[PDB]
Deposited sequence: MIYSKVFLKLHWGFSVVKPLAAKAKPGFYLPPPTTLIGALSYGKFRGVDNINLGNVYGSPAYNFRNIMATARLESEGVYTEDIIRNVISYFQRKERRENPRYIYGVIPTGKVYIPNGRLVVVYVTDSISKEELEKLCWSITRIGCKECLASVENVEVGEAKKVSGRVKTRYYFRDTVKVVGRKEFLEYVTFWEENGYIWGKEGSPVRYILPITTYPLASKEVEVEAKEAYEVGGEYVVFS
């Protein structure tokens, strides 16, 4: 299991509207991150034959662990929801084992937009290394699943609904999965939370929790 950290300097912000009055998401779901990663390899195509349906060029990349967190202060606005955080910074962690270090680094240095077309995003730096599997008490910042037990004070918890990979095909809805974020609603920011994760990955001083 290898890992790669990437620092992103967003230009003006990002916005991913919810499925099904168009409120937005406070933080991008993992599916957007995986697609932004897959852009580096499948550039120039917008439809492929999966075998039975034309879903997307990012259906192949569906077993890569990816999380992200803020590093500055932004504001959510409904004026189609948006998150204004110009010149801000975002940290994204990619943990996987299905590809070598070279593939992951080359794909990671080739990220240009997260969300919709206007959400341009530069890449500042990446760091590639190995991660250690742990199960003891840890302190984490990145958003995790709902089932992760928490021991601290329930004072900085937000609840959102995201989708699985099944939403990569047109004319279909991704499966609903509840996630928990350690985020302050206004102004937007992120705070550390101590948990007792069953399976977490130390990736260089930040214990990323997954399940």
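- Gaps without C-alpha coordinates occur at 21-23, 83-108, with positions taken along the deposited sequence from 1.
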